[PDB]
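Quick heads-up: it's one chain on its own, the form deposited in one PDB entry, in structure tokens.
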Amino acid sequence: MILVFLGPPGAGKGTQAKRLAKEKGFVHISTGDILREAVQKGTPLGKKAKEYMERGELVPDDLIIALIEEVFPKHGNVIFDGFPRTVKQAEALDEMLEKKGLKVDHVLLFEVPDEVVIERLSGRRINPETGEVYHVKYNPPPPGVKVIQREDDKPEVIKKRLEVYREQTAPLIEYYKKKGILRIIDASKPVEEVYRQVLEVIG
């Protein structure tokens, strides 16, 4: 089974993907996580990607498409989390999978309104030792635990990211809907409720 998690930044896609991977044994492919590691390690990919990410822009398609070929597993069910983000990326994924006799089985669209997006992202915090994601209101870090705020979770970058999402990524809704594989998730609900809907949708 191959899943794609699609939707505005802050919808809770990462959070749900991590849970589903941990509990059901999917391979979680987070382009954001992988890129952040690349930036940290100072790889050719990292150095090139860094500025796009800090500015809230998408990293160029060719780099991401290569990244996906590099990390796609020989076996296992997969969650694509934050990929694809453009039509060109979605077409390259279809091609890549077709060559492997595979296809996207479900595209879960995590719907949230802008107000919730801003609230979720502005409050997002990361434990730098473990990568665990918290929220200052909805899931605060344990007392005493040091966390950081991502530079792209600052207000003006969130604004850019949402524009970029609406411009480049939202067309994917129609792209996948035509194929009859688009599943709507009400991502504005609490985490446990969203996860139950994720499980129902994928059977």
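All residue numbers are counted from 1 along the displayed sequence. Note that the rigid core is defined as the largest set of C-alphas that superpose within 1.5 Å between two forms.
Quick note: we don't show the form deposited in another entry, though the next part is all about it.
- After superposition on the rigid core, the Cα atom of residue 85 is displaced by less than 2 Å between the shown form and the other one.
- Taking the rigid core as fixed, one finds a CA shift for residue 52 of 2 Å or more between the shown form and the other one.
- After superposition on the rigid core, displacement of the C-alpha of residue 129 between the shown form and the other one amounts to 2 Å or more.
- Between this form and the other one, the CA-CA gap for residue 62 and residue 97 narrows by 3 Å or more, being smaller in the other entry.
- Relative to the shown form, the Cα atoms of residue 97 and residue 43 move together by 3 Å or more in the other entry.
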